[PDB]
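> all I have is the shape, not the residue letters:
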Ligand SMILES: Nc1nc2c(ncn2[C@@H]2O[C@H](COP(=O)(O)OP(=O)(O)O)[C@@H](O)[C@H]2O)c(=O)[nH]1
Ligand SMILES: [Mn+2]
């Protein structure tokens, strides 16, 4: 195809693969992306010409755009996401599995001719800092320009990644199509997609095949498909960890930095914590990431984290100058693509929770929206901003260092109205794994439906594991067993969402979570107490710095209470979950569960 002839690499495996894909999908032309600022502008000008992008008032925003999607293509589709390992047991009970030969036959049928009437982009990229010994590289082939521009922000895309591949370097093969072939002469739509959607991962060959969605983690294949699904399977095989964790640098009033990694499920506070503004005099906070952490042991035996991503793909609604000024400042520097937010009368963007009460807006469907009248949200409730990390004012200077940052503490947490204390320190590594493995959160989904349950979401990875959950637990246990336990991060479990009898929050959270992290630091520095309980070490209210905090000590005590009775009721929920994990549940997790049972009596 034209002009693969004119392509800036001698990597023959790449060229072949591009040719084989093009022969199948039959695009009008193939274009290799270089990631320059020039190309970005051209792509964006095209997308504006197509009507997919609206340019935002340049007086208010530097080089920014609003994109609106088809309302059928508005989120990740977990019921259409598949781990297609050779054996169903290697996908495991948390994944949808399909026999790989079966899946290939479905997807090859779907891909045949699917790019008719479009450009096929070949997008090389790097996950992690460019300057690594063996960086993790990929190529995404896509027929969406939206995808290319988003990939440019969310990954290290283009010329530099293509050069790192050399002539025979390995890379992850990622194929994407929106699945909306055009007939000759046919007018295209602003957001092409298909009613048939598949997001498929082949862990053994390290390939991702996506079809039919233009949106988010369905289409930006670095963001979840590579960074967690494929990466988790590589990490399992190569001796490291790919996780759903923010990375936070906390700096004490003396001049000491502590790095923490925290795994909360979506909607449980990762973005807030990752951009924490501490409330205790002299403490500062910087971010390395609010989503993905890749972690590996160094020569000295410590665990080092790196963010593989290069941008933030944040949920917009709720974001404002009070809730997250640092997120706001990042967006204010421009170079941002908003997806599915509302457009103001002066060509700015708005969404629910932002300052102002615009009386009229154009909503994310392109319809007129009116204050105290229009029954639908102006911004889609899961709309996004896509912005460069380098614009974040509290970004840590080590954010682009390939050797990463040494982790002191790993935090697990989710939303629990009852039972789980504000903070608890694990007893050892194995116990740590167990706390992670049984993380519970009170949240449910539209097509889960019912309602008040406690979802189990092991390390915050329920939708993202690239292999059997039991073998993942084992992998965590093994990394601990084979390490020097003095160099290992300590493990904590937090809960910001415990409620009193009248149902208010016992803990105020947000900035004040800096006080919980201070206890954690103090435990690392042998400066704070905590009582041994059935579920781990938990501070008394006296062990915590509440100086300056306008809250009832009775509330804090209640937020910290470990009640044997509540915990006994938790045990059959946990038991059901561990039975679900099935035959690959490790003995180590069952042993911890037996220990927990013994201590609760
Ligand atoms: N009560 C309470 N709510 C919080 C806290 N941190 C975040 N939230 C809320 O939980 C939701 C999710 O926060 P976000 O930080 O975007 O979580 P993410 O999806 O994991 O990034 C938002 O409605 C936040 O206001 C906290 O410490 N306490
Ligand atoms: Mn977030």
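Everything's here; your move. Numbering: from 1, shown residues only. Ligands and ions are numbered 1, 2, ... in the order given.
> can you name the residues that contact the residue in the stretch 451-600 of the chain that ligand 2 sits nearest to?
Nearest residue of the stretch 451-600 of the chain to ligand 2, counting by C-beta to the ion: residue 460, 11.5 Å away. To be clear about C-beta, it is placed using only N, CA and C from the backbone, and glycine gets the same treatment. The contact partners of residue 460, taken as C-beta atoms under 8 Å, 6 or more residues apart in numbering, are 243, 244, 245, 263, 264, 265, 268, 412, 414, 439.
> what number of residues lie near the spatially closest residue to the first one that is not a sequence neighbour?
Nearest in space to residue 243, with sequence neighbours left out and distances taken as C-beta to C-beta, 6 or more residues apart in numbering, is residue 293 at 5.2 Å. Residues within reach of residue 293, counting by other C-beta atoms under 10 Å, total 27.
> residue 270 is in contact with residue 293, correct?
No - judged on C-beta atoms under 8 Å, residue 293 makes no contact with residue 270 at a distance of 10.6 Å.
> give me the common contacts of those two.
residue 246.
> for ligand 1, what's its nearest residue on the stretch 401-550 of the chain.
The nearest approach of the stretch 401-550 of the chain to ligand 1 comes at residue 509, 2.5 Å away (C-beta to the nearest ligand atom).
> what's the closest non-adjacent residue to that residue?
residue 496 (4.5 Å).
> and that neighbour, what is it in contact with?
Going by C-beta under 8 Å, 6+ apart, residue 496 touches 269, 413, 422, 505, 507, 509, 513.
> residue 125: which of these is nearest?
Nearest to residue 125 among these, counting by C-beta to C-beta, is residue 269 at 29.1 Å.
> the closest residue to residue 325 other than its chain neighbours: neighbouring residues, count only.
Once flanking residues are discounted, residue 325 sits nearest to residue 277: 7.6 Å by C-beta to C-beta, 6+ apart. Residue 277 has 15 neighbouring residues, counting by other C-beta under 10 Å.
> what's the answer for residue 26, then?
17.
> and what of residue 23?
For residue 23, using other C-beta under 10 Å, the count is 10.
> assign it to helix, strand or coil.
Three-state call for residue 23 (DSSP: H, G, I helix; E, B strand; the rest coil): helix.
> roughly how far apart are it and residue 12?
Per C-beta to C-beta, to the nearest Å, residue 23 is found 16 Å from residue 12.
> swap in residue 99?
Here residue 99 is placed at a distance of 31 Å from residue 12 (C-beta to C-beta).
> looking at the two, which is more packed in?
Set residue 99 next to residue 12 and count neighbours by other C-beta under 10 Å: residue 99 wins out with 13 against 10.
> for the nearest residue to the more buried one once chain neighbours are set aside, give its distance to ligand 2.
Spatial nearest neighbour of residue 99, excluding adjacent residues (C-beta to C-beta, 6+ apart): residue 84 at 7.4 Å. Computed with C-beta to the ion, to the nearest Å, the distance linking residue 84 and ligand 2 is 29 Å.
> for residue 84, which residues are in contact?
91, 97, 98, 99, 100, 103, 200, 201, 202.
> next to ligand 2, which bits of the chain? Give me the list.
With C-beta under 5 Å from the ion as the criterion, the chain comes near ligand 2 at residues 270, 271.
> what's downstream of whichever strand or helix holds residue 476, the next helix or strand?
Take DSSP states H and E as the rule and residue 476 turns out to sit in helix 469-481. Downstream of helix 469-481, the next assigned helix or strand under DSSP H and E is strand 490-494.
> check which helices and strands that following strand sits against.
strand 405-413, strand 423-425, helix 429-437, helix 514-524 (3 or more C-beta pairs under 8 Å, 6 or more residues apart in numbering; DSSP states H and E).
> all helices of the stretch 451-600 of the chain, in order?
469-481, 514-524, 553-560, 564-581, 587-600 (DSSP state H, counting those that start in this stretch).
> will you turn the ones you listed into JSON lines that also has mean neighbour count?
Shown next, in JSON lines, are these (neighbours: other C-beta atoms under 10 Å):
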{"stretch": "helix 469-481", "mean neighbour count": "20"}
{"stretch": "helix 514-524", "mean neighbour count": "21"}
{"stretch": "helix 553-560", "mean neighbour count": "18"}
{"stretch": "helix 564-581", "mean neighbour count": "14"}
{"stretch": "helix 587-600", "mean neighbour count": "16"}
